[PDB]
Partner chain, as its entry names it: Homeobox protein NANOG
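Taking the form solved without its partner chain, here's one chain by itself in structure tokens.
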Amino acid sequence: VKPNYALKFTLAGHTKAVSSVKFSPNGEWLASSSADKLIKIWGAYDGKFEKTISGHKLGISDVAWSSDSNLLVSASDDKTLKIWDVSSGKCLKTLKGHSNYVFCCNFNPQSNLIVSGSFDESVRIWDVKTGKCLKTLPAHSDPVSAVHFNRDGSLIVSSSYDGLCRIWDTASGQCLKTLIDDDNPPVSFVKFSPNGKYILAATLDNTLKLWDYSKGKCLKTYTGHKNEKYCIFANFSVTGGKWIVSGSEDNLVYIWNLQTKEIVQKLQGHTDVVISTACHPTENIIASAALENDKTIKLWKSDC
């Protein structure tokens, strides 16, 4: 009925704010990106440092794995994305086109495509093999906070400070839906549920919401945590019970019962805003990461 995540590992290495953490699909590795311009690879189970990957000229806001755990795309303030062969650590491609910071990115499940969102208010679709930008979508009238493909790559969802979440048809680049609430607070994060039927979004008014994307109907609502300034990554946790994990500007990691919307746990340990969390694909492991005054990445584990 409740999880009991407890601290197991603290990973130190980044010399400025951490910005995102992601578990490789095969569950072996955790990748992290930082304002210190670096990507770092760590063992997913022992928090043991693997390697450092470099090349970006400015800080990095997001990183993301290909489905086969072998490549990584990163998005940075240097106005580019890079694609990386993880085991060799070489930059396969540099993706050029955005005219300001690239804030978020992701592979499709096929991983022949890459989607990015930028401060320039655009969402772009890139071809992995060539590095070429396939489509540029005029997605928002403010910076784009998150971008994500659904389970089959047919749909992209995107969120923005302009207050909107939009669903796009990958094939045509057509806007299929615009999610409108009552007050349209800046949307600082969005992602699909694993089946791709629902979408989780976070708003800069201390609220996470679960939406039925088709009906365009908000359903569950999760509050209690703190989010009014930073884009905090949130998650569906589904390896044990069913929960919703989010970072929080009160230095805590919050955990919710998916159904009741009640807080079932709050993890103490960090010393600055918890900017990003991730959930292990198979194990009840949660990875968390923090801003400038902490710089550490923590790994927690639970039985439920």
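Numbering follows the first chain given and starts at 1.
What follows is about the form deposited with its partner chain bound, which we do not show.
Engineer: Check whether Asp77 has any heavy atom within 4.5 Å of a heavy atom of its partner chain in the deposited complex, and answer yes or no.
Structural biologist: Heavy-atom contact with its partner chain at 4.5 Å: present for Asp77.
Engineer: Since only the chain is shown here, I'm wondering whether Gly163 would be in contact with its partner chain in the deposited complex (any heavy atom pair within 4.5 Å).
Structural biologist: Although its partner chain is absent here, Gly163 would touch it in the deposited complex, with heavy atoms inside 4.5 Å.
Engineer: Is there any non-hydrogen atom of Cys231 lying within 4.5 Å of its partner chain in the deposited complex?
Structural biologist: Answer yes; at least one heavy atom of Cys231 falls within 4.5 Å of its partner chain in the deposited complex.
Engineer: Please run the contact check for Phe103 against its partner chain in the deposited complex: heavy atoms, 4.5 angstroms, yes or no?
Structural biologist: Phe103 belongs to the contact set for its partner chain.
Engineer: Check each of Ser32, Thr277, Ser66, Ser61 and return the one that places a heavy atom within 4.5 angstroms of its partner chain in the deposited complex.
Structural biologist: Spelling it out, the residue with a heavy atom inside the cut-off is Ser61.
Engineer: Pick from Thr136, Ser141, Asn206, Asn112: which has a non-hydrogen atom within 4.5 Å of its partner chain in the deposited complex?
Structural biologist: Only one option qualifies, and that one is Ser141.
Engineer: Of these, 90 to 98, 179 to 187, 165 to 173, 126 to 134, which stretch puts a heavy atom within 4.5 angstroms of its partner chain in the deposited complex?
Structural biologist: Going through the listed ranges, the match is 179 to 187.
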